[PDB]
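We give structure tokens for two forms of one protein chain below, kept apart as structure 1 and structure 2.
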Structure 1
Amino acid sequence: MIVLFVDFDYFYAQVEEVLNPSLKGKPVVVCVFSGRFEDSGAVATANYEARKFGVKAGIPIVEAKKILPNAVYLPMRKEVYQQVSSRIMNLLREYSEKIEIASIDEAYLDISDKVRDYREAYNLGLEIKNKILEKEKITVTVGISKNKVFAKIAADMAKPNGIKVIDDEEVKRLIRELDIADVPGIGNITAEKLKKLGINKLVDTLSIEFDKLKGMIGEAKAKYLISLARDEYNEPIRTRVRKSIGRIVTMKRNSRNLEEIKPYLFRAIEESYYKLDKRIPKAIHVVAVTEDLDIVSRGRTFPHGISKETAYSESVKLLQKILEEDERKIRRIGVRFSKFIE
């Protein structure tokens, strides 16, 4: 197999530079303004300038405006970003019908049948970079390998405005030498569990008892990591079928008052039914994020489809149940639907 992964460079900030040539040269910081007080929220994307002056994704807007107050700070236009994103995906379709969109700024292409080797893979990568820059004035980073995981790591190594091949020999090396924390799907918490079991590199998963690994990180991760380590991972490039669909929103003020919370819950439900489109769910869970950012949820599965009306009615009973059983103020509220009708 030959896989080509495309990752748009510092996407949201870059798109603002397109829509406003002026931002040329300026550090640019796109934020999620949560609306709870002035500058409440976090940084979504920071361009290269902002980064070298110590600004990065996921830090508070205020903590960022300390570290460098000089930068230009903008708000999300998810919809505008989505239009650009969607168009770029359509351009990628031109190069391969076997596409997997992983997020608003990332996609895999299976080009096993569109090229013969990595020399030609690299060349097509350049065509893609040219074509996207030409149509959308957005640079991307392209990673190329024998599977999805190593294609993604290639791009991580080559960011920004890059292109990289990890060949069969570099795969073997990385299996032994790549910090396992840098493998997609492995976060700080898993890395720390892995490290205490003596597992710092992919290859290490081959010298521990499976049951111990599975017992510590669950079966899916253990198998995932082992199949990579044996150089046998080969999941097809295919857009994944969602098992749940939902929405969760931050409230402007923390609360336990149903009549304050409902508007948010009901909007979240309505937008969830727009996303559901034609799928009818049989399960609903109401999810509350408390004022200390703990996550509580209550749910119910029905023996039949749930209409939006039923969702409204049932959501309220589930929110009441949460309010009965946890005394904290609620900060975010939302819902998750699942168990769709075949």
Structure 2
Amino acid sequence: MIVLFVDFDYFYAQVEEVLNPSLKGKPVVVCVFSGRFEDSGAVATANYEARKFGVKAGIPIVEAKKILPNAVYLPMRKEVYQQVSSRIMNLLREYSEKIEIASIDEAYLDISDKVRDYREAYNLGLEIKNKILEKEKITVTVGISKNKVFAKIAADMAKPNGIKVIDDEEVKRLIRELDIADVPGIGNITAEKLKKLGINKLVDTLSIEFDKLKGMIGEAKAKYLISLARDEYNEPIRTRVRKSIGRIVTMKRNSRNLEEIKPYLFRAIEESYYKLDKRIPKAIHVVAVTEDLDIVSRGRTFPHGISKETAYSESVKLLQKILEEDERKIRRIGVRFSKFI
């Protein structure tokens, strides 16, 4: 089995560059403005020019403007990036029937029944990067290995605008030297727990009694990591389907007032239903982000689909439940619909 992972370079920003080439060259910062104060919000992402000075996804626009006060700042245009993505995604389909679209800019392809070896996989890679570059003018990074996991790691090493292969020879070397924290699905919280257990490299998971690993990080993560170090990780490329659709917004100011919060919530439901586009959910959740950035949600499943009408009143109940049960203020409020018929 041969997997080929494709990850579009600094996507949102590069899309902005494509639409207005004049940007090419200057540091571009695509940010999500939260309507609170001036320039309140976080950075969705930035092109590498800006990344060099520490302006990256996650940080306050405010901190960004402080570092690069003269960089170009754009308001994230999701639908646009989304449509561009869908196109780039379609091209890959022309390279493999089996395609797993991981995110707005990631895809895995099972190029087993199309290639015989890694030399040919690499070629197919270059051929792909080139296609997308002509058709859309979008630079992407390619990763190629024996399984999805190492395929991604491959790309992680090669970006930006790179193409790398991780042959069975290197796969073994990495299992031995790759910092466990660079393994997908291993965030800070998990990586730190792994340190305390002494586990610092994929292999290290072998030097520990299973059960203790399962207790410290969970059975799922355990079996996953272990199957990686044992070189037996082999999950197939599966077409994934949307199981949930929601939307959350940020309020001008924190609140615990049902009448002041209702609007925001009702707005979230509006967009949510619009995105359902003929999809009917039997489950609704009200999600709330407390002033101290904590997250609490209250949901409910129904034996029948949900009308917007229903969703409206039901969501007010759950919000009331949140308020009655959580003394803190609410910073962000939203809804999430799932369990589509």
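Rigid core (definition): largest C-alpha set, two forms, superposition within 1.5 Å. Counting starts at 1 and follows the sequence of structure 1.
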property	result
Where one rigid part turns on another between the two structures: hinge among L258, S227, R240, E291	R240
Interdomain rotation angle between the two structures - two rigid parts, degrees	11
Cα displacement of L197 between the two structures, core-superposed (Å)	0.5
Rigid-core-fitted C-alpha displacement of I284 between the two structures (angstrom)	3.5
Angstrom displacement of the CA atom of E270 between the two structures, core fixed	4.4
